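Asker: No letters, just coordinates:
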């Protein structure tokens, strides 16, 4: 029932609540900023690989605000 992870529109950090579809959370490491968004379990897994094949570390974990690491 609604996952709440950070979605970054530009550079802000806001707790957004996504639908049951996007029950996972996307977080990609960047040497400058970070990628943050809600993402459907499968989708986030598949997008995990697209970015992680480029060399950008990513995670799709399940928890509010879970899209984080170096906090």
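Answerer: Yep, that arrived. Numbers count the residues shown, from 1 in each chain.

Asker: Work out which residue lies at the spatial centre of the protein.
Answerer: residue 26 (1.6 Å; C-alpha atoms, centre = their mean).

Asker: can you pull the contacts of that residue?
Answerer: 5, 35-39, 44, 47-48, 58, 60, 67 (C-beta atoms under 8 Å, 6 or more residues apart in numbering). For the C-beta atoms, the positions are set from N, CA and C on the backbone; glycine is no exception.

Asker: just checking, which of the residues you listed belong to strands?
Answerer: 5, 35-39, 58, 60 (DSSP state E).

Asker: Can you lay out these as JSON lines showing distance to residue 15 and neighbour count?
Answerer: JSON lines is the format used below for the ones in strands among the contacts of residue 26 (distance: C-beta to C-beta, whole Å; neighbours: other C-beta atoms under 10 Å):
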{"residue": "5", "distance to residue 15": "7", "neighbour count": "27"}
{"residue": "35", "distance to residue 15": "16", "neighbour count": "18"}
{"residue": "36", "distance to residue 15": "10", "neighbour count": "21"}
{"residue": "37", "distance to residue 15": "12", "neighbour count": "20"}
{"residue": "38", "distance to residue 15": "10", "neighbour count": "24"}
{"residue": "39", "distance to residue 15": "15", "neighbour count": "26"}
{"residue": "58", "distance to residue 15": "20", "neighbour count": "20"}
{"residue": "60", "distance to residue 15": "17", "neighbour count": "24"}
